[PDB]
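Written out below as structure tokens is the structure these notes cover.
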Amino acid sequence: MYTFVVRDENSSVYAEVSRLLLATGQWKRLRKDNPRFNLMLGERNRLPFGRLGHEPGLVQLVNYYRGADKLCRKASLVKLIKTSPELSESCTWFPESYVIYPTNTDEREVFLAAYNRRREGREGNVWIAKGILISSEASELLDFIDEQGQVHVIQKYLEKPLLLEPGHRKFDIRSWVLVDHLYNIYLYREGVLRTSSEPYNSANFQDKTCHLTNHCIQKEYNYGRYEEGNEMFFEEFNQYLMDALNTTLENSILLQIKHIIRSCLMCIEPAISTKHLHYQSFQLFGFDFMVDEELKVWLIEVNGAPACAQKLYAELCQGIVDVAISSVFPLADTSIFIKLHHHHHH
Amino acid sequence: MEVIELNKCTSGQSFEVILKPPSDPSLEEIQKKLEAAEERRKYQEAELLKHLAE
Amino acid sequence: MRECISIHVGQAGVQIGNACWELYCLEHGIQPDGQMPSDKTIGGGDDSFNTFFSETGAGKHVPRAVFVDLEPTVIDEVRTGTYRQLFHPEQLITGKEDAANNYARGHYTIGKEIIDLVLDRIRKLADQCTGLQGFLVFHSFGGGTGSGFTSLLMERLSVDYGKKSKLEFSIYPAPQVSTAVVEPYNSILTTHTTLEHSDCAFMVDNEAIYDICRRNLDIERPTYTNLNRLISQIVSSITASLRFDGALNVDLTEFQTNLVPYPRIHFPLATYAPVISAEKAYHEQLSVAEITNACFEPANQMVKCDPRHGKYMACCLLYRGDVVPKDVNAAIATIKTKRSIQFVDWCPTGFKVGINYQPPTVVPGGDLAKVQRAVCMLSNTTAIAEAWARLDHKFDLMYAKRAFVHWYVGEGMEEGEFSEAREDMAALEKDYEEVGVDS
Amino acid sequence: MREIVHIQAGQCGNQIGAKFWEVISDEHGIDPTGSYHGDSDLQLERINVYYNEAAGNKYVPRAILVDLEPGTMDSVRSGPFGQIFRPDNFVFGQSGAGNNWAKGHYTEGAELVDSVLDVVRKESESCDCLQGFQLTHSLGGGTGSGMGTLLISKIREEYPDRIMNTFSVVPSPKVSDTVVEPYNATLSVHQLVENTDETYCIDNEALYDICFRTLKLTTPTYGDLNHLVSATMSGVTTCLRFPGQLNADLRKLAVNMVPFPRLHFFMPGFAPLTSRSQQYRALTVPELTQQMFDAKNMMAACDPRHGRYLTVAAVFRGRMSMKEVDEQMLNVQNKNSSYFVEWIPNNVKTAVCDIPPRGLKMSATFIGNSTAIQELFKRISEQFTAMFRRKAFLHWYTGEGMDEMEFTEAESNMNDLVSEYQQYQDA
Ligand SMILES: CC[C@]1(O)C[C@@H]2CN(CCc3c([nH]c4ccccc34)[C@@](C(=O)OC)(c3cc4c(cc3OC)N(C)[C@H]3[C@@](O)(C(=O)OC)[C@H](OC(C)=O)[C@]5(CC)C=CCN6CC[C@]43[C@@H]65)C2)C1
Ligand SMILES: Nc1nc2c(ncn2[C@@H]2O[C@H](COP(=O)(O)OP(=O)(O)OP(=O)(O)O)[C@@H](O)[C@H]2O)c(=O)[nH]1
Ligand SMILES: Nc1ncnc2c1ncn2[C@@H]1O[C@H](COP(=O)(O)OP(=O)(O)CP(=O)(O)O)[C@@H](O)[C@H]1O
Ligand SMILES: Nc1nc2c(ncn2[C@@H]2O[C@H](COP(=O)(O)OP(=O)(O)O)[C@@H](O)[C@H]2O)c(=O)[nH]1
Ligand SMILES: [Ca+2]
Ligand SMILES: [Ca+2]
Ligand SMILES: [Mg+2]
Ligand SMILES: [Mg+2]
């Protein structure tokens with residue numbers, strides 16, 4: 001009997017991993033403050049990583065990587081990319097971004113230096129904040145941040161996204177990545193496009209149901225029109241890429257996604273790996289990307305505590321148990337992931 | 001990068017290497033806190049003995 | 001030359017001390033009877049080893065050490081063991097009955113009846129000191145005596161010797177070898193009461209040591225003898241600058257200046273490498289790069305914790321053996337690129353380095369292989385607070401139900417000292433968090 | 001050189017007490033004469049804990065033998081080790097106590113109690129550093145129960161800063177016939193809750209079940225029961241008698257075992273269980289470990305699964321692997337973790353001594369402070385109420401001067417003790 005505890009009740013995904021384990025009849029759930037666990041499914045804030053790996057006779061594993069927040073907060077992410085040489089300011093696939101503070105460190109100065117070479121090029125000069133707003137004018141955004149309180153990010157907006165017809169629509173791609181205790185980086189073969197349900201409005205930014213593709217903000221404003229829940233899965237979008245553009249998902253988009261995923265996670269490996277440590281981590285991430293009209297993939301953000309889409313829970317949560325958990329803790333007695341590895345010689 | 005304060009001798013050497021620059025109670029209060037505790041003991045023992053005498 | 005007095009308190013302090021003085025003797029070629037051929041100035045000196053040993057007309061080198069335990073069994077073993085002549089009986093002080101794993105009984109109850117004798121015995125040694133710098137104090141956090149009496153001793157030493165420095169060697173409790181369930185209570189209490197009186201304390205988690213001995217010395221089930229020989233190697237490494245010609249960490253004040261910029265945050269992490277079994281038939285000697293790199297592995301630390309997720313305020317490296325600076329700087333350059341090493345904004349990212357060419361001496365027939373070069377890193381990192389959090393959570397769990405509290409009240413201590421000790425630790429956890437993390 | 005004074009009172013006390021001295025004398029290589037004939041220095045290193053030295057290099061038990069009737073003390077004298085006891089430490093009356101606590105506590109026992117205390121005091125005076133007292137007695141009779149508790153109270157008056165420890169035999173109608181036993185027991189438990197630091201509950205119910213069901217003894221006697229009691233007493237006193245780290249004195253044991261002053265009643269366990277008959281196989285470490293924790297191995301008739309362990313001490317004896325002991329101990333806690341209160345971290349401690357007990361290569365002794373001991377107290381409580389609610393048999397007690405009020409206070413305290421264990425079983 002292996003033992004586990006649960007410390008985030010609101011986790012769609014770890015709810016399902018709970019049940020999947022109980023139903024094996026080889027795992028007992030313990031009360032959440034009983035320290036004699038093999039597995040911690042942890043809270044989201046202030047997870048007490050310092051208390052793990054100090055129970056003799058227990059190999060302990062936890063479903064978060066400490067220090068992974070550096071990838072998973074927006075402010076942090078921009079800082080990481082600029083400062084890390086493996087990534088760099090030169091980095092092709094992340095939108096130009098800047099970290100900006102309310103006047104209640106900063107790079108406001110350096111924000112304007114790029115703004116006013118787009119008022120010296122008259123070219124696309126549309127940006128975006130971090131409850132969020134898109135403008136062309138600088139002082140309408142800076143005055144928005146100061147009238148808010150937290151640290152924010154100002155980011156180039158992709159004026160020229162790929163648009164799905166029928167609908168002249170906007171979408172984003174969520175891919176799910178599981179990094180195990182060995183630092184094997186596993187991409188779930190099923191991604192999902194979270195779609196807009198209203199024609200993309202080039203010349204009017206306030207009408208936000210067409211610019212923001214979040215699953216709620218479509219629910220609470222045509223929702224359901226072209227596909228279920230503004231959710232298009234990979235078979236359909238591969239088909240559409242074939243019929244409409246004569247390409248494939250794999251070639252036009254996925255190589256880039258796989259490349260961005262590996263790059264991000266190999267960057268932070270030395271800071272978060274649990275290889276020689278007295279407890280072991282794994283963690284599920286949600287990577288979100290944006291695809292421009294040229295078929296160039298852009299990294300939007302990384303989520304440390306993603307929820308999955310409904311159709312896919314069944315399968316993804318089982319995959320976590322298969323590769324994250326029973327690889328550490330075997331039972332007696334097809335792979336839904338693609339392992340991300342690449343040793344080029346140079 | 002920069003090595004400084006190199007000090008050699010027959011036993012060994014020592015130095016500093018810099019990769020980057022920056023950016024009480026009295027003998028009285030004690031003897032007292034010890035004696036309030038001994039009082040508290042003595043009282044507690046007294047309460048027991050008194051109880052045993054009942 | 002400025003003398004240093006060592007004080008070993010409780011079973012843990014005493015047994016560790018034993019092992020240290022054994023090691024020191026071998027290191028300086030001083031025999032069990034206390035004779036040192038290589039010392040030509042008979043009857044005195046102001047050599048570097050004299051900081052720790054004093055001399056007699058008869059050619060005898062005697063530790064500047066006092067051992068105290070509130071029961072006699074353990075110290076009796078010093079009194080009749082291979083080093084009996086080394087010490088003067090006045091340096092070995094024992095009581096009749098111990099503190100029964102009770103801070104409060106060591107501090108308040110039995111402390112009182114023996115503090116004055118200990119101070120008088122300590123003064124006898126200070127009176128033979130031309131320019132005493134202070135004290136090195138060895139004890140457990142978990143024992144009644146080690147916790148309770150040490151903290152009383154430290155309060156009194158601040159009174160009788162205010163200008164002088166006090167360093168600790170403190171054994172942090174681990175269930176694999178612990179003997180009492182109230183160790184967490186004791187450890188918070190003595191940390192609370194000792195904090196202002198201590199300039200710099202080196203914690204050793206028995207857990208960390210026990211696993212080093214399992215994993216690297218292939219000792220299925222390590223004893224105190226196994227643990228204490230390893231601890232004495234680290235201790236020797238740290239105090240070598242006080243007993244040997246050099247220019248790094250030559251007086252106790254310098255420990256504080258090099259390792260402790262913020263006084264409450266005075267707990268530097270020791271990491272040591274390499275630890276190699278003497279039974280290992282075939283051994284490939286490790287380089288400067290290899291052992292230096294190993295100082296950033298948590299598995300070699302004296303306290304398991306993760307310096308990646310915290311910041312540094314100071315970092316020394318103390319090498320012993322065949323090491324020259326060129327090799328050190330090359331090792332450091334490489335490492336700086338391979339690892340997460342983050343200092344606080346108000347501090348130079350930088351290392352201070354001590355090399356002593358004589359390689360580690362090893363105890364004959366012991367577990368440790370003699371090696372060409374070794375290193376001990378002392379880094380003051382905020383990561384060591386992980387050990388405070390561990391201990392504090394255990395304390396909160398029992399204290400919440402007042403479990404065992406009555407044993408302490410019974411000895412005259414007040415319930416409120418518990419919550420007061422713990423508020424101090426909660427503040428300590430906060431200081432470490434201010435310094436060490438950003439967002 | 002941290003001394004214990006041993007007192008044994010009444011029939012049961014003296015019988016199990018004599019058997020204790022037989023067993024440990026042998027373990028320490030002392031013979032009936034009192035002469036050491038052992039072959040090891042580990043036997044003599046803390047010998048002075050239980051034995052005084054005498055002219056001649058003779059070892060004399062620091063033992064006081066007490067009864068209100070001469071019968072059993074003649075039994076002890078003509079017994080095998082009878083000659084070893086200090087003759088002036090036999091204190092005895094003539095009239096007996098007739099299984100009446102009140103006679104033991106107030107009338108017949110008061111008359112004898114001062115002489116017992118003179119002998120105690122003399123033994124305490126010749127003590128380099130006294131740690132405290134251990135007493136053996138039953139709770140269901142009159143002398144062990146009533147006078148033993150009177151003693152405990154008087155000893156605490158004179159040595160209030162010493163530890164008091166009992167081995168207290170709890171009665172069962174599976175063994176014994178006399179209808180007032182629950183009365184004597186409830187009144188004694190009342191005393192024990194107030195005036196001891198550690199009490200080993202030795203339940204005759206459990207000793208019967210073990211002998212009869214498990215050891216297939218269809219005609220069990222006190223010898224058989226006592227064979228289990230002595231094994232367990234040897235085992236719980238191992239850490240006091242031999243060199244060691246854990247629980248090496250009474251006060252350390254108490255600090256480790258008693259988180260709340262009233263909850264100081266321990267469930268002992270032992271493995272392997274045997275009758276006085278050859279054991280052909282040494283047990284393995286996993287077997288000891290599983291068995292010592294088995295409900296069927298407990299010397300108090302409680303289900304450990306019905307409660308939670310507050311604290312535990314475990315003692316392994318014999319030449320065995322410390323690694324494997326450590327692993328199995330951990331495996332128990334980790335595999336049944338819900339049984340161990342989570343608000344006392346690392347509440348299980350483990351000792352290993354190499355000198356095994358006589359006739360066994362491997363043994364293990366268990367000492368549990370578990371909330372399940374309430375079941376023992378509820379069982380005595382139910383017996384008590386059934387009679388007391390009709391004041392039945394009370395005249396035996398009122399006729400020696402007692403009031404009913406005193407019975408109401410004992411029942412109440414014992415009921416309070418049960419609900420305190422219940423309180424911590426749900427916390
Ligand atoms: C260990 C001490 C002991 O020997 C234990 C039992 C009782 N005594 C004396 C020995 C004895 C026993 N039986 C005796 C009959 C006459 C004279 C003496 C005895 C003894 C035994 O060896 O049985 C073979 C015994 C006795 C009993 C006994 C068992 C027993 O030995 C197996 N019983 C558990 C009870 C008893 O009350 C009960 O509940 O049994 C189901 C039992 O009733 C029965 C058998 O119907 C009985 C039998 C006499 C009824 C009267 C109340 N007492 C209480 C003890 C009980 C008994 C053994 C002391
Ligand atoms: N490393 C090491 N730890 C020890 C040693 N002895 C005891 N300990 C640890 O220290 C704690 C016990 O405290 P002790 O030093 O034995 O206690 P004491 O100071 O003698 O106090 P009392 O016996 O209560 O009077 C436990 O955590 C033990 O594991 C030792 O020789 N080496
Ligand atoms: N630079 C940019 N160019 C184009 N669209 C952008 C953009 N930045 C944000 N968006 C749009 O806003 C949407 C949601 O933004 P974002 O992902 O930054 O916030 P969020 O954390 O609340 C949702 P999630 O946690 O699922 O990623 C994106 O899916 C995208 O459509
Ligand atoms: N285990 C055990 N129980 C006993 C022994 N002798 C008596 N008893 C029990 O003790 C109770 C009777 O008490 P007893 O000691 O004879 O009375 P006392 O002499 O006045 O103290 C009953 O519960 C008996 O079963 C014995 O040798 N061993
Ligand atoms: Ca000299
Ligand atoms: Ca009379
Ligand atoms: Mg001690
Ligand atoms: Mg009788």
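Hydrogens, waters and symmetry mates play no part in the numbers below; they use all other heavy atoms, side chains included. So you know, we letter chains A, B, ... as the sequences are listed, proteins then strands, and number each from 1. One-based numbering, in listed order, for ligands and for the atoms of each.
- No N or O atom of C/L227 sits closer than 3.5 Å to an N or O atom of ligand 2.
- Ligand 2 has no nitrogen or oxygen under 3.5 angstrom from a nitrogen or oxygen of C/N102.
- Counting only non-hydrogen atoms, the option in D/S176, D/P173, D/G223, D/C211 that gets closest to atom 37 (O) of ligand 1 is D/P173.
- The D/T218 neighbourhood of ligand 1 comprises atoms 24 (C), 32 (C), with distances under 4.0 Å to a heavy atom of that residue.
- Within the structure, salt bridge (charged side-chain N to carboxylate O under 4.0 Å, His left out) pairs that include any residue of residues 214-231 of chain D comprise D/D224-D/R276 (at least two apart or interchain).
- The distance from ligand 1 to the heavy atoms of D/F212 drops below 4.0 Å at these ligand atoms: 32 (C).
- Looking only at heavy atoms of the protein, atom 56 (C) of ligand 1 is closest to D/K174 O, 4.0 Å.
- Which parts of ligand 1 touch D/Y208 is read off a 4.0 Å heavy-atom cut-off, strictly below it: atoms 29 (C), 32 (C), 34 (C).
- Here's the thing with C/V9: none of its N/O atoms is less than 3.5 angstrom from an N/O atom of ligand 2.
- Taking distance alone, with nitrogen or oxygen atoms compared against 3.5 Å, C/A12 approaches ligand 2 more closely than that limit.
- Outside the 6.0 Å centre-distance limit, the rings of D/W396 and D/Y183 are not counted as a close aromatic pair.
- With a 4.0 Å heavy-atom cut-off, ligand 2 is reached by the side chain of C/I231 but not by its N, CA, C or O.
- Nearest protein heavy-atom neighbour of atom 53 (N) of ligand 1: D/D177 OD1, 3.9 Å.
- Taking the six-membered ring wherever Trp is involved, the centroid distance between the rings of C/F404 and C/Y185 does not fall below 6.0 Å.
- Contact between C/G106 and ligand 2 is absent, with no heavy atom of the residue lying under 4.0 Å from the ligand.
- The nearest protein atom to atom 59 (C) of ligand 1, hydrogens excluded, is given as D/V175 O, 3.4 Å; this is a heavy-atom distance.
- Contact annotation: for C/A100 versus ligand 2, heavy atoms closer than 4.0 Å belong to the backbone alone.
- For atom 21 (O) of ligand 2, the candidate residues are C/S170, C/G144, C/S178; the nearest heavy-atom contact is made by C/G144.
- In terms of protein heavy-atom proximity, atom 58 (C) of ligand 1 is closest to D/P220 O, 3.8 Å.
- Taking a 4.0 Å cut-off on heavy atoms, C/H139 fails to register as neighbouring ligand 2.
- Of the polar atoms of C/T179, none of the N or O atoms is found under 3.5 Å from an N or O of ligand 2, judged by distance alone.
- The residue among C/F138, C/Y210, C/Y224 with a heavy atom at the shortest distance from atom 5 (C) of ligand 2 is C/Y224.
- Within ligand 1, the atoms closer than 4.0 Å to a non-hydrogen atom of D/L225 are 1 (C), numbered from 1 in the order shown.
- At least one N/O-N/O distance between C/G146 and ligand 2 falls below 3.5 Å.
- Considering NZ of C/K304 and CG of C/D205, their distance stands at 8.0 Å, rounded to 0.5 Å.
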